[PDB]
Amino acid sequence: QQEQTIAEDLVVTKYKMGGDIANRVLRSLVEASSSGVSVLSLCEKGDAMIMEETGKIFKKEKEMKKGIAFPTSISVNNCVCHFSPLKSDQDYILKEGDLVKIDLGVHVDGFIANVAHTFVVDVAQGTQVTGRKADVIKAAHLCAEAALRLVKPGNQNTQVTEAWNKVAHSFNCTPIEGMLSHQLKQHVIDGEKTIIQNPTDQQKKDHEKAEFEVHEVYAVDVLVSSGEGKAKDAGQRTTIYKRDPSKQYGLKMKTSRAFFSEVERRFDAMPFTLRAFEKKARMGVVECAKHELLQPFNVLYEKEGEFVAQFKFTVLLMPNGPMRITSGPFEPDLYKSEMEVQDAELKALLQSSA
């Protein structure tokens, strides 16, 4: 009963302002991406820009929390998600032709605006991206377009799941199995109401069918692969975590207890990167993650040589229709695929207005 929702104009404003910041920071990072650029540097730049820009709004409200909802993550080629290296980790240096996914989130007073975008590094003027890179990027963006049209009051999450499989297969691509798009609420990045990608038979049973409703907010997250779509851990150090306020445990080590306290104060229940702490965080993390006080956002990979594309946007289900508050700077004429959507209903859906 105490929820602040988009029924309130002020709440819509807070979402829109966080969305404007997310959009601006994303575009800055895309422009800063060129051959030879350090992924660590881009992650640090993104996060700092989020803090600086949120610092400049609602200045008179000195107690209002605002800042990072999802730390800047830059996941290249077959890397799926959540790459945000520690200073001590192996960095990654961008190469011409790399496929890059930038994923980040901003919050204003707990209202979250998440965005992610895919592009290719240093595409030359007057050329197009072709091949499997083009296939997977076009597939992922058409999945995003389909979701923009289908995530509306009265529709079912299952409709989205089905459409995504049809679109992706049109390009001989596969949405990554089991990945979720969450409803957002104030202070809640991971609402239990979700859209699931390409669920296994077991995932279909464990996942709840649901109907979208007016005043709900979603961070729609499309991740599509040129390969089988069964993402796996590959020994990469997890750096992104979130506190889970539903779980409690009295920690045995003073370092763990103090780390717990610092996490709660600084981040509440927003995902954060360990780079925000490096040694003393590493030990505190161990006990907290072990007893489920922190949830990891692991770095997952598709098969070597394959490509994973992503588009994520946040949408407000307003009485007058869906209102998207974030998006990436997608240029369709850049991508040429041998394939196209052939399905009549799907083609109709994609040509219709959003």
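One-based numbering along the sequence shown.
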property: Deposited-sequence gap flanked by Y249 and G250; result: none
property: Of 216-224 and 80-88, the one with larger mean CA B-factor; result: 80-88
property: Segment of higher mean CA temperature factor, 21-29 or 328-336; result: 328-336
property: Which of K204, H117, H169, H141 ranks first by CA B-factor in the deposited coordinates; result: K204
property: Largest Cα B-factor, entry values, listed residues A147, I74, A276, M270; result: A276
property: Ranked C-alpha temperature factor of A234 among modelled chain residues, by third; result: highest
property: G36 - Cα temperature factor, lowest/middle/highest third of chain; result: middle
property: Ranked C-alpha temperature factor of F58 among modelled chain residues, by third; result: highest
property: Position of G110 among the chain's modelled residues by C-alpha B-factor, lowest, middle or highest third; result: lowest
property: Third assignment of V12 from its chain's C-alpha B-factors; result: lowest
